[PDB]
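Shown here is one chain on its own, the form deposited in one PDB entry, set out as C-alpha cells.
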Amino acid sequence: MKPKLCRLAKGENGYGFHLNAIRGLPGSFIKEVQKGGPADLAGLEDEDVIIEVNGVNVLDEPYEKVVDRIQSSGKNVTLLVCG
C-alpha cells in the first residue's frame, strides 16, 4: 500500500535478500531480508513488490529478467517497491 524508493550498496554477501515469484503470477517480491543487510537497512521488507529496477518498470517482465537486472547493476542497485 506504500511505495518506497531505495538504493542498495552490495555487501560482502550481496544485497541481503532474495526474489521470489509465484508461478505465472506476474511481479517479483522480496523474500528473505537478511537482518542488518543492505536491503534490511534500506527499509525493504518481505513481500515488497518490485516495480522499478534502476528506473525501469519491470512489472511486465518475467521473474528471470528481474533477477538479471538486479544482478547486472554492480556495486549498487536502485529499487522502487511497494509494501
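Quick note: we count residues from 1 along the sequence shown, nothing fancier.
The discussion below concerns the form solved in complex with a partner chain, not included here.
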property: Close approach of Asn20 to its partner chain in the entry with it bound, 4.5 Å, heavy atom; result: yes
property: Close approach of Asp60 to its partner chain in the entry with it bound, 4.5 Å, heavy atom; result: no
property: 4.5 Å heavy atom contact, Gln71 and its partner chain in the entry with it bound; result: yes
property: Triple contact flag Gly14, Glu64 and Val67 to its partner chain in the entry with it bound, non-hydrogen atom at 4.5 angstroms; result: yes
